[PDB]
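Residue numbering restarts at 1 for every chain, and letters A, B, ... go by the order of the sequence lines. Only this structure's heavy atoms are used, side chains among them; waters, hydrogens and symmetry mates stay out. Ligands are counted one by one from 1 in listed order, and the atoms in each one are counted from 1 as well.
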Protein chains: 2
Amino acid sequence: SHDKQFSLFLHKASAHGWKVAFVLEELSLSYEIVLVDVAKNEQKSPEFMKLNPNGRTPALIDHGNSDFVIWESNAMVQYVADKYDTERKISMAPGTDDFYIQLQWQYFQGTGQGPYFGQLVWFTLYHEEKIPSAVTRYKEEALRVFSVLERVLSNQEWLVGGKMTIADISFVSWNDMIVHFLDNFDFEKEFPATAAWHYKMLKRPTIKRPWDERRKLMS
Amino acid sequence: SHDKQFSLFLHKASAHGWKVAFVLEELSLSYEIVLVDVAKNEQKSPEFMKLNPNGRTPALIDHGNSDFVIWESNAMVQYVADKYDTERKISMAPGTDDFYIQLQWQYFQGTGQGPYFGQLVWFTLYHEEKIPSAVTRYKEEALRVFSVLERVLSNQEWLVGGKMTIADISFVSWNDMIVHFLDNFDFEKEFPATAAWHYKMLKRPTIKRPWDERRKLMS
Ligand SMILES: N[C@@H](CCC(=O)N[C@@H](CSSC[C@H](NC(=O)CC[C@H](N)C(=O)O)C(=O)NCC(=O)O)C(=O)NCC(=O)O)C(=O)O
């Protein structure tokens with residue numbers, strides 16, 4: 001293996017693993033990405049399923065913590081943040097009321113943005129029958145998810161606590177992947193405040209290089 | 001309008017608010033079910049969006065925390081299990097590594113079970129045209145979720161800590177609902193560990209009470 005504190009197993013095409021990569025980079029935590037070859041169904045391999053019985057990437061092993069294994073990308077984020085962000089540069093303090101709001105937005109991301117964007121992708125590209133009513137249903141719902149973000153981000157700087165947190169960050173990877181799936185999408189034209197919020201973050205070198213590494217791999 | 005500690009807004013045919021209802025029951029907390037009618041599109045009214053900008057049930061108001069507002073059913077559950085369950089009857093210690101294994105499972109529930117269960121129900125009843133293949137896709141997926149739980153509960157009686165936790169509890173309402181959207185489905189024969197695990201919890205009068213009330217308000 002390596003000497004890194006974290007082993008982060010991802011599918012290169014996925015939004016989820018790179019989101020943990022962002023959070024890792026923001027926190028100056030050492031980590032080593034291990035590609036899972038989903039094309040070969042390595043994610044359904046017994047080796048991988050010892051890490052995550054769900055058999056879907058990502059999974060994280062914290063070697064700096066007794067080789068502690070954990071999956072579900074949102075929880076990976078929370079774990080890494082609650083534990084290693086002592087000075088709370090990009091997280092709300094545990095136990096405080098803001099922490100649970102932060103948590104709400106992370107659920108909005110993982111339950112609301114994730115699954116729905118994914119269905120839109122599914123029916124655009126991968127579903128075995130071309131169904132416009134289904135593609136339409138999730139196109140609509142992805143737009144609706146921008147509107148929800150715009151509803152807040154046009155009134156406040158960040159999702160929670162007057163600063164950029166892991167809650168804001170969670171949304172970046174999918175938000176950037178989803179645009180190809182939307183008809184003539186003009187992000188700053190259609191959702192001005194959410195666009196600025198997305199680009200501000202994606203501009204950060206701690207988020208720029210991981211996503212740059214993603215881009216090189218996908219080509 | 002009332003004098004209980006919580007104002008739980010939910011829609012009756014939804015798994016989510018009842019998931020929070022169970023926990024409020026388990027924690028010996030008073031609360032007032034405020035019905036928000038989805039058939040009436042009441043989740044999209046100015047007043048409920050003042051509480052949840054996503055315009056989706058459920059949402060929580062803690063009158064013991066100065067009318068605190070929070071949504072995302074799993075984020076709500078996490079708030080009250082953390083702020084109240086001090087004896088830790090049905091929670092892990094906030095700060096322990098078990099806590100984040102318990103969070104992982106709630107995310108699997110929130111992101112994995114809910115959305116795919118939800119899309120099964122949708123293409124069966126509410127989608128504007130009838131698509132066997134879409135119905136077939138979420139059936140498959142829903143069954144897959146069961147095999148994930150089963151792979152786990154056949155080797156340990158609980159998800160985390162050797163105790164019943166909000167991790168386990170949060171699967172209950174969706175698991176009881178989905179069974180009728182599967183053809184020729186025999187829970188025990190198909191997923192024996194999960195079957196027993198589910199039913200067990202569903203016996204608990206803590207759990208059995210609000211779920212009984214969901215039955216009447218659905219007659
Ligand atoms: N992650 C969120 C999930 C919240 C959630 O799913 N809320 C639902 C509960 S209503 S229950 C599920 C609801 N069903 C319906 O809207 C069908 C009801 C019928 N059309 C009628 O006439 O009442 C639904 O959203 N189906 C689509 C899907 O599941 O993807 C809701 O508010 N839906 C209203 C809306 O989204 O506008 C949480 O846990 O809090």
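Geometric assessment of A:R56 against the ring of A:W71 yields a negative cation-pi assignment under the 6.0 Å and 45° thresholds. Seen from the ring of B:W211, B:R204 does not count as a face-on cation partner, given the 6.0 Å and 45° thresholds.
The closest approach between any non-hydrogen atom of B:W122 and ligand 1 is below 4.0 Å. Not a single heavy atom of B:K40 sits closer than 4.0 Å to an atom of ligand 1. Using a 4.0 Å heavy-atom cutoff, B:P58 is listed among the residues neighbouring ligand 1.
Listed here is the closest heavy atom pair of A:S73 and A:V20: O-CG2, 3.7 Å. Closest heavy-atom contact between B:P210 and B:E25: CD-CG, 3.8 Å.
Residue B:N74 places no N or O, backbone or side chain, under 3.5 Å from any N or O of ligand 1. The shortest N or O to N or O distance between B:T57 and ligand 1 is below 3.5 Å. Ligand 1 has an N or O atom lying under 3.5 Å from an N or O atom of A:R137, backbone or side chain. Ligand 1 has no nitrogen or oxygen under 3.5 angstrom from a nitrogen or oxygen of B:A13.
A donor-acceptor pair is defined here as one N or O able to donate and one able to accept, closer than 3.5 Å; such a pair exists between the side chain of A:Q119 and the backbone of A:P115. Without hydrogens or angle criteria, B:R144 side chain to A:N54 main chain gives a donor-acceptor distance under 3.5 Å.
Results of the side chain to side chain donor-acceptor pair (under 3.5 Å) test with B:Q109 over B:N74, B:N175, B:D168 single out B:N74 as the only residue that passes. None of A:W197, A:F146, A:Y199 except one satisfies the ring-ring contact (aromatic ring centres under 6.0 Å, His included) rule with A:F191; the exception is A:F146.
Under 4.0 Å from ligand 1, the heavy atoms of A:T111 that appear belong solely to its side chain. Using a 4.0 Å cut-off between heavy atoms, B:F9 makes no contact with ligand 1 at all. Residue contacts with ligand 1 for B:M76 are absent, since no atom lies close enough (heavy atoms, distance under 4.0 Å). Counting heavy atoms under 4.0 Å from ligand 1, residue B:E72 touches it through both backbone and side chain. Contacts with ligand 1 closer than 4.0 Å are made by heavy atoms of both the backbone and the side chain of B:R56.
Numbered from 1 in the order shown, with element, the atoms of ligand 1 that lie under 4.0 Å from a heavy atom of B:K44 read 37 (O).
In terms of protein heavy-atom proximity, atom 21 (C) of ligand 1 is nearest to B:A39 CA, 3.7 Å. Atom 18 (C) of ligand 1 has B:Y126 CZ, 4.0 Å as its closest protein atom, hydrogens excluded (heavy atom only). The shortest contact between atom 35 (C) of ligand 1 and any protein heavy atom is with B:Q43 NE2, 3.7 Å. Atom 30 (O) of ligand 1 has its closest protein heavy atom at A:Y116 OH, 2.7 Å. For atom 11 (S) of ligand 1, the closest heavy atom belonging to the protein is B:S14 CB, 3.8 Å. Nearest protein heavy-atom neighbour of atom 39 (O) of ligand 1: B:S73 OG, 2.6 Å.
In B:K130, the NZ atom is crowded: over 12 heavy atoms of neighbouring residues, nucleotides or ligands sit closer than 6.0 Å. Around CG of B:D67, the count of heavy atoms belonging to other residues, nucleotides or ligands within 6.0 Å exceeds 12.
Side-chain contact between A:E26 and A:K89: absent, with no pair of heavy atoms (C-beta onward) separated by less than 4.5 Å.
The protein reaches atom 8 (C) of ligand 1 closely, with a heavy atom under 4.0 angstrom from it. Not a single protein heavy atom sits closer than 4.0 Å to atom 14 (N) of ligand 1.
In this structure, of B:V77, B:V38, B:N54, the residue bringing a heavy atom nearest to atom 16 (O) of ligand 1 is B:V38.
Note: B:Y138 and A:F123 have tilted aromatic rings, judged against thresholds of 30 and 60 degrees for the angle between ring planes. Ring geometry for A:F187 against A:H198 counts as tilted: the plane angle lies between 30° and 60°, on a 0 to 90° scale.
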